[PDB]
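Listing of query-v9.cif; format and content: mmCIF, N, CA and C atoms.
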data_data
#
loop_
_atom_site.group_PDB
_atom_site.id
_atom_site.type_symbol
_atom_site.label_atom_id
_atom_site.label_comp_id
_atom_site.auth_asym_id
_atom_site.auth_seq_id
_atom_site.Cartn_x
_atom_site.Cartn_y
_atom_site.Cartn_z
ATOM 1 N N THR A 9 -246.714 -157.043 4.121
ATOM 2 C CA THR A 9 -245.979 -158.178 4.745
ATOM 3 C C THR A 9 -244.966 -158.740 3.745
ATOM 4 N N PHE A 10 -243.758 -158.975 4.180
ATOM 5 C CA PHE A 10 -242.726 -159.522 3.253
ATOM 6 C C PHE A 10 -242.757 -161.051 3.303
ATOM 7 N N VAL A 11 -242.156 -161.697 2.342
ATOM 8 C CA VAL A 11 -242.151 -163.187 2.335
ATOM 9 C C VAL A 11 -240.707 -163.689 2.297
ATOM 10 N N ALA A 12 -240.381 -164.652 3.113
ATOM 11 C CA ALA A 12 -238.990 -165.183 3.123
ATOM 12 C C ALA A 12 -238.787 -166.138 1.946
ATOM 13 N N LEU A 13 -238.018 -165.733 0.972
ATOM 14 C CA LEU A 13 -237.777 -166.614 -0.204
ATOM 15 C C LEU A 13 -236.807 -167.729 0.184
ATOM 16 N N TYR A 14 -235.631 -167.375 0.627
ATOM 17 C CA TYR A 14 -234.641 -168.417 1.019
ATOM 18 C C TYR A 14 -234.670 -168.592 2.539
ATOM 19 N N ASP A 15 -234.563 -169.807 3.004
ATOM 20 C CA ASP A 15 -234.583 -170.053 4.472
ATOM 21 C C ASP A 15 -233.407 -169.340 5.144
ATOM 22 N N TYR A 16 -233.684 -168.332 5.928
ATOM 23 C CA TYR A 16 -232.587 -167.593 6.615
ATOM 24 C C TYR A 16 -232.195 -168.347 7.888
ATOM 25 N N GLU A 17 -230.987 -168.838 7.948
ATOM 26 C CA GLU A 17 -230.539 -169.583 9.158
ATOM 27 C C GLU A 17 -229.695 -168.661 10.038
ATOM 28 N N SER A 18 -230.257 -168.166 11.109
ATOM 29 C CA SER A 18 -229.485 -167.262 12.005
ATOM 30 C C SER A 18 -228.499 -168.084 12.838
ATOM 31 N N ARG A 19 -227.390 -167.504 13.203
ATOM 32 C CA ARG A 19 -226.388 -168.251 14.015
ATOM 33 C C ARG A 19 -226.548 -167.877 15.490
ATOM 34 N N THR A 20 -227.269 -166.824 15.771
ATOM 35 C CA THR A 20 -227.462 -166.410 17.189
ATOM 36 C C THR A 20 -228.948 -166.489 17.546
ATOM 37 N N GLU A 21 -229.285 -166.246 18.783
ATOM 38 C CA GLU A 21 -230.715 -166.309 19.190
ATOM 39 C C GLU A 21 -231.384 -164.956 18.938
ATOM 40 N N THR A 22 -230.611 -163.913 18.803
ATOM 41 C CA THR A 22 -231.209 -162.570 18.557
ATOM 42 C C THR A 22 -232.094 -162.630 17.312
ATOM 43 N N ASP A 23 -231.497 -162.734 16.157
ATOM 44 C CA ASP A 23 -232.300 -162.796 14.905
ATOM 45 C C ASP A 23 -232.936 -164.181 14.783
ATOM 46 N N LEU A 24 -234.225 -164.243 14.595
ATOM 47 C CA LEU A 24 -234.888 -165.571 14.470
ATOM 48 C C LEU A 24 -234.648 -166.123 13.068
ATOM 49 N N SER A 25 -234.778 -167.405 12.904
ATOM 50 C CA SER A 25 -234.560 -168.012 11.565
ATOM 51 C C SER A 25 -235.916 -168.296 10.918
ATOM 52 N N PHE A 26 -236.015 -168.154 9.625
ATOM 53 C CA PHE A 26 -237.318 -168.422 8.955
ATOM 54 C C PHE A 26 -237.097 -169.297 7.721
ATOM 55 N N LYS A 27 -237.992 -170.213 7.471
ATOM 56 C CA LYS A 27 -237.839 -171.103 6.286
ATOM 57 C C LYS A 27 -238.512 -170.454 5.076
ATOM 58 N N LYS A 28 -238.629 -171.172 3.995
ATOM 59 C CA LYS A 28 -239.275 -170.596 2.783
ATOM 60 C C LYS A 28 -240.796 -170.654 2.939
ATOM 61 N N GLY A 29 -241.411 -169.550 3.270
ATOM 62 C CA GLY A 29 -242.892 -169.544 3.436
ATOM 63 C C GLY A 29 -243.268 -168.674 4.636
ATOM 64 N N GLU A 30 -242.366 -168.502 5.564
ATOM 65 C CA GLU A 30 -242.675 -167.665 6.756
ATOM 66 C C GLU A 30 -242.777 -166.197 6.336
ATOM 67 N N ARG A 31 -243.733 -165.485 6.865
ATOM 68 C CA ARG A 31 -243.885 -164.049 6.497
ATOM 69 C C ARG A 31 -243.451 -163.172 7.673
ATOM 70 N N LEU A 32 -242.968 -161.991 7.398
ATOM 71 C CA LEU A 32 -242.531 -161.091 8.503
ATOM 72 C C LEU A 32 -242.809 -159.636 8.115
ATOM 73 N N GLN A 33 -243.249 -158.837 9.046
ATOM 74 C CA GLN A 33 -243.538 -157.410 8.727
ATOM 75 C C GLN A 33 -242.232 -156.612 8.725
ATOM 76 N N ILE A 34 -241.969 -155.890 7.669
ATOM 77 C CA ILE A 34 -240.712 -155.092 7.608
ATOM 78 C C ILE A 34 -240.804 -153.926 8.595
ATOM 79 N N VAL A 35 -239.746 -153.660 9.314
ATOM 80 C CA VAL A 35 -239.774 -152.537 10.292
ATOM 81 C C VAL A 35 -239.133 -151.300 9.668
ATOM 82 N N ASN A 36 -237.939 -151.437 9.166
ATOM 83 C CA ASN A 36 -237.253 -150.271 8.541
ATOM 84 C C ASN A 36 -236.139 -150.770 7.619
ATOM 85 N N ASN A 37 -235.142 -149.961 7.388
ATOM 86 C CA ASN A 37 -234.025 -150.387 6.501
ATOM 87 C C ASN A 37 -234.560 -150.658 5.093
ATOM 88 N N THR A 38 -234.511 -149.679 4.233
ATOM 89 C CA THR A 38 -235.017 -149.879 2.846
ATOM 90 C C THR A 38 -233.882 -150.407 1.967
ATOM 91 N N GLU A 39 -232.662 -150.244 2.400
ATOM 92 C CA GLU A 39 -231.509 -150.735 1.594
ATOM 93 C C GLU A 39 -230.458 -151.339 2.527
ATOM 94 N N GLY A 40 -229.234 -151.424 2.085
ATOM 95 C CA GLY A 40 -228.168 -152.003 2.948
ATOM 96 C C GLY A 40 -228.120 -153.519 2.745
ATOM 97 N N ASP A 41 -228.172 -154.275 3.807
ATOM 98 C CA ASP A 41 -228.129 -155.757 3.666
ATOM 99 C C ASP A 41 -228.646 -156.418 4.945
ATOM 100 N N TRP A 42 -229.410 -155.709 5.734
ATOM 101 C CA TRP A 42 -229.937 -156.314 6.991
ATOM 102 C C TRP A 42 -231.146 -155.519 7.488
ATOM 103 N N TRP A 43 -232.320 -156.082 7.383
ATOM 104 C CA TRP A 43 -233.541 -155.366 7.849
ATOM 105 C C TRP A 43 -234.109 -156.071 9.084
ATOM 106 N N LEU A 44 -234.949 -155.404 9.827
ATOM 107 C CA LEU A 44 -235.537 -156.036 11.041
ATOM 108 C C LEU A 44 -237.041 -156.220 10.833
ATOM 109 N N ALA A 45 -237.524 -157.428 10.930
ATOM 110 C CA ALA A 45 -238.983 -157.658 10.735
ATOM 111 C C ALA A 45 -239.581 -158.289 11.994
ATOM 112 N N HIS A 46 -240.867 -158.155 12.173
ATOM 113 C CA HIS A 46 -241.523 -158.742 13.375
ATOM 114 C C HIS A 46 -242.431 -159.897 12.933
ATOM 115 N N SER A 47 -242.142 -161.090 13.376
ATOM 116 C CA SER A 47 -242.983 -162.257 12.982
ATOM 117 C C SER A 47 -244.428 -162.022 13.435
ATOM 118 N N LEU A 48 -245.374 -162.616 12.761
ATOM 119 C CA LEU A 48 -246.798 -162.427 13.153
ATOM 120 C C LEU A 48 -247.291 -163.673 13.893
ATOM 121 N N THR A 49 -246.389 -164.480 14.380
ATOM 122 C CA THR A 49 -246.806 -165.710 15.111
ATOM 123 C C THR A 49 -246.696 -165.472 16.619
ATOM 124 N N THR A 50 -245.511 -165.555 17.159
ATOM 125 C CA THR A 50 -245.344 -165.333 18.623
ATOM 126 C C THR A 50 -245.271 -163.831 18.904
ATOM 127 N N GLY A 51 -245.133 -163.035 17.879
ATOM 128 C CA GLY A 51 -245.055 -161.563 18.088
ATOM 129 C C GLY A 51 -243.685 -161.202 18.666
ATOM 130 N N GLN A 52 -242.633 -161.701 18.078
ATOM 131 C CA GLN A 52 -241.271 -161.387 18.595
ATOM 132 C C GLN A 52 -240.471 -160.651 17.519
ATOM 133 N N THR A 53 -239.242 -160.321 17.801
ATOM 134 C CA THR A 53 -238.412 -159.603 16.794
ATOM 135 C C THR A 53 -237.626 -160.623 15.967
ATOM 136 N N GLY A 54 -237.190 -160.248 14.796
ATOM 137 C CA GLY A 54 -236.420 -161.207 13.956
ATOM 138 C C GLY A 54 -235.627 -160.448 12.890
ATOM 139 N N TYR A 55 -234.431 -160.038 13.210
ATOM 140 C CA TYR A 55 -233.608 -159.298 12.219
ATOM 141 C C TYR A 55 -233.490 -160.132 10.943
ATOM 142 N N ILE A 56 -234.297 -159.844 9.959
ATOM 143 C CA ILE A 56 -234.226 -160.625 8.693
ATOM 144 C C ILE A 56 -233.231 -159.952 7.739
ATOM 145 N N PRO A 57 -232.307 -160.728 7.223
ATOM 146 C CA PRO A 57 -231.285 -160.216 6.291
ATOM 147 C C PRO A 57 -231.941 -159.607 5.051
ATOM 148 N N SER A 58 -231.499 -158.449 4.637
ATOM 149 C CA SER A 58 -232.106 -157.821 3.434
ATOM 150 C C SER A 58 -232.219 -158.889 2.350
ATOM 151 N N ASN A 59 -231.296 -159.811 2.336
ATOM 152 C CA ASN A 59 -231.328 -160.891 1.316
ATOM 153 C C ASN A 59 -231.965 -162.132 1.943
ATOM 154 N N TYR A 60 -232.811 -162.797 1.190
ATOM 155 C CA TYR A 60 -233.526 -164.040 1.654
ATOM 156 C C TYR A 60 -235.023 -163.734 1.745
ATOM 157 N N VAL A 61 -235.409 -162.519 1.446
ATOM 158 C CA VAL A 61 -236.850 -162.151 1.514
ATOM 159 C C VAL A 61 -237.199 -161.265 0.316
ATOM 160 N N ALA A 62 -238.461 -161.056 0.077
ATOM 161 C CA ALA A 62 -238.873 -160.203 -1.072
ATOM 162 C C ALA A 62 -240.325 -159.751 -0.874
ATOM 163 N N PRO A 63 -240.589 -158.506 -1.187
ATOM 164 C CA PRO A 63 -241.939 -157.934 -1.050
ATOM 165 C C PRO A 63 -242.921 -158.676 -1.961
ATOM 166 N N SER A 64 -243.949 -159.250 -1.399
ATOM 167 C CA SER A 64 -244.939 -159.987 -2.235
ATOM 168 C C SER A 64 -246.210 -160.235 -1.422
ATOM 169 N N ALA B 71 -228.770 -168.821 -8.268
ATOM 170 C CA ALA B 71 -228.133 -169.864 -7.414
ATOM 171 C C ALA B 71 -227.062 -169.216 -6.534
ATOM 172 N N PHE B 72 -226.397 -169.994 -5.726
ATOM 173 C CA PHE B 72 -225.341 -169.421 -4.844
ATOM 174 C C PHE B 72 -225.965 -168.377 -3.915
ATOM 175 N N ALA B 73 -226.767 -168.804 -2.979
ATOM 176 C CA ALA B 73 -227.404 -167.834 -2.046
ATOM 177 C C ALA B 73 -226.317 -166.957 -1.409
ATOM 178 N N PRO B 74 -226.561 -165.668 -1.370
ATOM 179 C CA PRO B 74 -225.605 -164.706 -0.788
ATOM 180 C C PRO B 74 -225.400 -164.995 0.706
ATOM 181 N N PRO B 75 -224.236 -165.497 1.044
ATOM 182 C CA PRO B 75 -223.905 -165.824 2.443
ATOM 183 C C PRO B 75 -223.959 -164.561 3.308
ATOM 184 N N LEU B 76 -224.442 -164.678 4.517
ATOM 185 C CA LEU B 76 -224.519 -163.484 5.405
ATOM 186 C C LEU B 76 -223.211 -162.686 5.294
ATOM 187 N N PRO B 77 -223.312 -161.466 4.811
ATOM 188 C CA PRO B 77 -222.140 -160.580 4.645
ATOM 189 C C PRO B 77 -221.714 -159.964 5.985
ATOM 190 N N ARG B 78 -221.607 -160.761 7.013
ATOM 191 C CA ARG B 78 -221.197 -160.234 8.350
ATOM 192 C C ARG B 78 -221.800 -158.845 8.579
ATOM 193 N N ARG B 79 -223.100 -158.739 8.574
ATOM 194 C CA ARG B 79 -223.737 -157.411 8.792
ATOM 195 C C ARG B 79 -223.197 -156.412 7.766
#
Could you take the file, read its structure, and then write that structure out as structure tokens?
Amino acid sequence: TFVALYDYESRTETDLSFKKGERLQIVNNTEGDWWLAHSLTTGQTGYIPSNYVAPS
Amino acid sequence: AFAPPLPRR
């Protein structure tokens, strides 16, 4: 499970926003600058930016 | 510091 270091503020409804402390399961994208993770709360999708999170 | 602003995908 990855951890959101910086609060990611999404501008659209597609990618969900997460504050500092929310965890998300990484789906794919090992590099680049935009990965997709699935929150473990409501069980929805949340394109998390490669930046703003870190494996921990 | 200076969080990397969303690089437009």
Applied to the shown file, which residues does the PyMOL selection byres ((chain A) within 8 of (chain B)) return, written as JSON, numbers by chain?
{"A": [14, 40, 41, 42, 57, 59, 60]}
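When the PyMOL selection byres ((chain A and resi 15-28) around 8) is evaluated on the file shown here, the picked residues come out as residues 11, 12, 13, 14, 29, 30, 31, 52, 53, 54, 55, 56, 57, 59, 60 and 61 of chain A.
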Filtering to N, CA and C atoms, could you give me those residues as a CSV table (one decimal), keeping the file's coordinate frame?
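What landed in part_15.csv:
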chain,number,residue,atom,x,y,z
A,11,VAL,N,-242.2,-161.7,2.3
A,11,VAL,CA,-242.2,-163.2,2.3
A,11,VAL,C,-240.7,-163.7,2.3
A,12,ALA,N,-240.4,-164.7,3.1
A,12,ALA,CA,-239.0,-165.2,3.1
A,12,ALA,C,-238.8,-166.1,1.9
A,13,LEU,N,-238.0,-165.7,1.0
A,13,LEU,CA,-237.8,-166.6,-0.2
A,13,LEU,C,-236.8,-167.7,0.2
A,14,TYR,N,-235.6,-167.4,0.6
A,14,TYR,CA,-234.6,-168.4,1.0
A,14,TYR,C,-234.7,-168.6,2.5
A,29,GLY,N,-241.4,-169.6,3.3
A,29,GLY,CA,-242.9,-169.5,3.4
A,29,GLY,C,-243.3,-168.7,4.6
A,30,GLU,N,-242.4,-168.5,5.6
A,30,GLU,CA,-242.7,-167.7,6.8
A,30,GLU,C,-242.8,-166.2,6.3
A,31,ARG,N,-243.7,-165.5,6.9
A,31,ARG,CA,-243.9,-164.0,6.5
A,31,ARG,C,-243.5,-163.2,7.7
A,52,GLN,N,-242.6,-161.7,18.1
A,52,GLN,CA,-241.3,-161.4,18.6
A,52,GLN,C,-240.5,-160.7,17.5
A,53,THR,N,-239.2,-160.3,17.8
A,53,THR,CA,-238.4,-159.6,16.8
A,53,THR,C,-237.6,-160.6,16.0
A,54,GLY,N,-237.2,-160.2,14.8
A,54,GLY,CA,-236.4,-161.2,14.0
A,54,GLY,C,-235.6,-160.4,12.9
A,55,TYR,N,-234.4,-160.0,13.2
A,55,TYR,CA,-233.6,-159.3,12.2
A,55,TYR,C,-233.5,-160.1,10.9
A,56,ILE,N,-234.3,-159.8,10.0
A,56,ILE,CA,-234.2,-160.6,8.7
A,56,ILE,C,-233.2,-160.0,7.7
A,57,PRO,N,-232.3,-160.7,7.2
A,57,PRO,CA,-231.3,-160.2,6.3
A,57,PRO,C,-231.9,-159.6,5.1
A,59,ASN,N,-231.3,-159.8,2.3
A,59,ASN,CA,-231.3,-160.9,1.3
A,59,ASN,C,-232.0,-162.1,1.9
A,60,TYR,N,-232.8,-162.8,1.2
A,60,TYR,CA,-233.5,-164.0,1.7
A,60,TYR,C,-235.0,-163.7,1.7
A,61,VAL,N,-235.4,-162.5,1.4
A,61,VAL,CA,-236.8,-162.2,1.5
A,61,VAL,C,-237.2,-161.3,0.3
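CA of residue 32 (chain A) sits 5.4 Å away from CA of residue 45 (chain A).
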CA of residue 49 (chain A) to atom N of residue 64 (chain A), straight-line distance in Å
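Value for the atom N of residue 64 (chain A)-CA of residue 49 (chain A) distance: 18.0 Å.
Take atom C of residue 62 (chain A) and CA of residue 9 (chain A): the distance between them is 8.1 Å.
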What do you get, as a ChimeraX atom specification, if you spell out every residue that the PyMOL selection byres ((chain A and resi 35) around 6.5) selects here?
/A:33-34,36-37,43-46
As a ChimeraX atom specification, list the residues of chain A assigned to strand (DSSP E) by DSSP on the backbone atoms of this structure.
/A:10-12,31-34,45-47,53-54,61-63
